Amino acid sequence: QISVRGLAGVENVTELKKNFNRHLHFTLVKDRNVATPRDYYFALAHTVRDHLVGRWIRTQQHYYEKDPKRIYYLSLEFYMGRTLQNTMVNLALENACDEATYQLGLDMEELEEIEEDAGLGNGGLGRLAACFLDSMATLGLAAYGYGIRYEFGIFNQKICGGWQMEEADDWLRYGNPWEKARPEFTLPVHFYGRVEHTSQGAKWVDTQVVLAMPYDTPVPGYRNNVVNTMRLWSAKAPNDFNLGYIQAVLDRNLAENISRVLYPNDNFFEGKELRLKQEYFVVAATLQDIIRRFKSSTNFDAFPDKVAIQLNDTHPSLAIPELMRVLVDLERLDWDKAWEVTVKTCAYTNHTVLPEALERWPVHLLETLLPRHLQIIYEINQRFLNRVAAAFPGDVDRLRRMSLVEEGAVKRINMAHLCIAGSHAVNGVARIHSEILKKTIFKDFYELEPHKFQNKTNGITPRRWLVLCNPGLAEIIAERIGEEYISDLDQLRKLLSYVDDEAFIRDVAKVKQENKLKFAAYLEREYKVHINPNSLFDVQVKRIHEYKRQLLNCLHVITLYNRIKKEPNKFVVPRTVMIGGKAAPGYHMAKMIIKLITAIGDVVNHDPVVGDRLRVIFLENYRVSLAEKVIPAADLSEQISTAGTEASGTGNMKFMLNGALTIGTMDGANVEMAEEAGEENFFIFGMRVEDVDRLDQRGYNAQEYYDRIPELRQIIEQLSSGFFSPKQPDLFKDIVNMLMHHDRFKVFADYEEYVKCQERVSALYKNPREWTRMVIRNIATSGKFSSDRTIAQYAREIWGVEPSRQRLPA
């Protein structure tokens, strides 16, 4: 049908049709008479999967023969979403499979909707890992994703009476056709025990053993025949575990609970023992596998020349003392050589400056669970503080600030300090975030070792985030500039010469309208809610957190409603305001914000005076596959975090690529986005980081804003008096109290500029042609934000490897 989706050749369609019928019969044990739509999806999944295997076997064979430097991306989260359409896209099978299934009398899009998201992540940090795997394969790097195969991913979010309810995400219920179990690579992981000192070094004895069984998922590059591996560990009890008899067998679940469920915290460091076990489990199993593969290529001097380990936050930070443990205790290298290998192998990426997010493990926990690693950490710290003392003589406070061991009520290990000390490179995820790291939380470390500190601005994959989710836009772009931009997103600059092109202007606008119509229908068909597709689609989608200021959005929405009620017969640009995201189950305020949003909607959506001029919708169960639907449909992207709090953002980049304009603060990657597009083409408002600092020194007094802004006072009075909760007048007392007395993120301080800037958005929207030309200027300058660029920078400046766009033989 459309060009970017590949050729539908006669030979291919015939072959796909027959393999589909073979799988339906032989693999699913069905015929067309009793086959469910789920069987049809599975037959298609198996057909497409067959096209991966040849390439997967010869990519891994290629890496054995060539022996390149291997990249190991260690993460507790891989937010993958669905695999079927992405596989077709990267293999150029999409039109062919579409045609083949059409001829079989099936609708492929309906079949695609049956696949469960692999929801093995919470939000931005997990999705980054997934975009990274895609870019690494596309750039022909010998890269492996390593994580945990959770039985249950992020919870499915249900909204009942306006409240979030969580339910278990049983994503493996019907089976996962994309994974291949590799039980021949099952590995032992040790916990507890104690340390014995012999004549010949320390020994870790009396341990409990949990087995780690790997499951391999293919990661196909874009049209280059490269298929890399994401290896995920599953916990298994050994067969003599606890071995009355029945209880012993039932108790096996204690060991296997390690890989049962993803921790759903996007907010507040929870020092739970099960989480620590998860962190060590993935680290211990991965390092054994890395070393095994290294040996199967004695000499550990060359180890860093053949191995790079990237740590996705501090979650796999135990890789540092674990590598030391293996090298010193098992391989009998001396400390200094082992440490040199470790530093040169490891690199650390930070994703937040919020103090409550930092991992600070109680010493008594590491004492019990990992006695040897605690000893190694103490030795690391001692030798590190000796270096600090020699560089800054007499600076006793610097020593205690930089210590990996924090003294207090309970002694803690600071895992971020561990990571910096044990890594040859430390990076932030956007230029401003990376500067904030050097100036504030890691200032002392930067002064000691300035060369370790880097920036690597985040990116998103244009395969999933344009071609897959927005074929219409990819096609009109391809019509003018060809197809090469899909793996070379900088080529989108060539679209700047079409900004005054009347045909292109009309096409860009047409595609958006089609996307909005399709999404407006999806809402009714799946959720029975009626929206006006001619309104401006104002969308804020991301995890619910106070720093992200969904509450500032709420205040604007209430302002618009009150202004309508004040002057009913005045014209206003119609808006559909969509807010979506999950709240961490124990985050009370985040759960209150969800309830506020639905409560606002209850009032706004049923006011006869309002009509269809304003709608407030809460997007339930936001996740990767819903993002693929709503993002192409958006006109306005809300990126309104308090300056200095959003490390980068990646949702922002998705919206920019898909033809939405951005309203945002100068925070994270918004700064670089505005810089690329030009500030005239961006809706910037609010305090800069400097302004936040000034307010903090003086003291933030919310009351001042309440007293001086009559429209704000009215909103707070409506919330307090029970205007949005008639049966429970004091329901939102917590929200008001927080806003008035302990708002860390200064919601009121940005309110005036925000509302004013929102008016400028509505003004532009009244002029479709000038709205669309500004959109073109955004899409055209979005090229920097491809994770292909990000990964090439990691590759060259951290890992020491050269990317390749060359095909492997088919």
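A residue's number is simply how far along the shown sequence it sits, counting from 1. Think of the rigid core as the biggest set of C-alphas that the two forms share within 1.5 Å after superposition.
Q: Quick check: by Cα RMS after rigid core superposition, does 262-270 or 288-296 differ more from this form in 7 other deposited structures of this protein?
A: Clearly, after the core fit, the stretch farther away in 7 other deposited structures of this protein is 262-270.
Q: Could you tell me how many residues of the deposited sequence sit unmodelled between residue 503 and residue 504 (none, 1 to 3, 4 to 9, 10 or more)?
A: None; the chain is continuous from residue 503 to residue 504.
Q: Gap size between residue 297 and residue 298, counting deposited residues with no coordinates: none, 1 to 3, 4 to 9, or 10 or more?
A: Gap size class: 4 to 9 residues without coordinates, per the record.
Q: Highest mean C-alpha temperature factor of the two stretches 378-386 and 643-651, which is it?
A: Per the PDB record, 378-386.
Q: Between 27-35 and 49-57, which has the higher average C-alpha B-factor in the PDB entry?
A: The entry gives the higher C-alpha B-factor average to 27-35.
Q: Highest CA temperature factor in the entry: which of 205, 318, 128, 552?
A: Result of the comparison over 205, 318, 128, 552: 205.
Q: Kindly indicate the residue among 246, 495, 619, 636 with the greatest C-alpha B-factor in the PDB record.
A: By C-alpha B-factor in the record, 495 ranks first.
Q: Of the three thirds of its chain by CA temperature factor, lowest, middle or highest, which one includes residue 218?
A: Its C-alpha B-factor, which the entry lists for residue 218, ranks in the lowest third among residues of this chain.
Q: Ordered by C-alpha B-factor within the chain, which third holds residue 66? Give me lowest, middle or highest, please.
A: It belongs to the highest third of the chain when residues are ordered by C-alpha B-factor.
Q: Pull the Cα B-factor of residue 793 out of the PDB entry and bin it into the chain's lowest, middle or highest third.
A: Ranked within chain, residue 793 CA B lands in the lowest tercile.
Q: Lowest, middle or highest third: which one holds residue 417 when the chain's residues are ordered by CA B-factor from the entry?
A: As the PDB entry reports it, the C-alpha B-factor of residue 417 lands in the lowest third of its chain.
Q: Lowest, middle or highest third: where is residue 270 by C-alpha B factor in its chain?
A: Residue 270: CA B-factor falls in the highest third of its chain.
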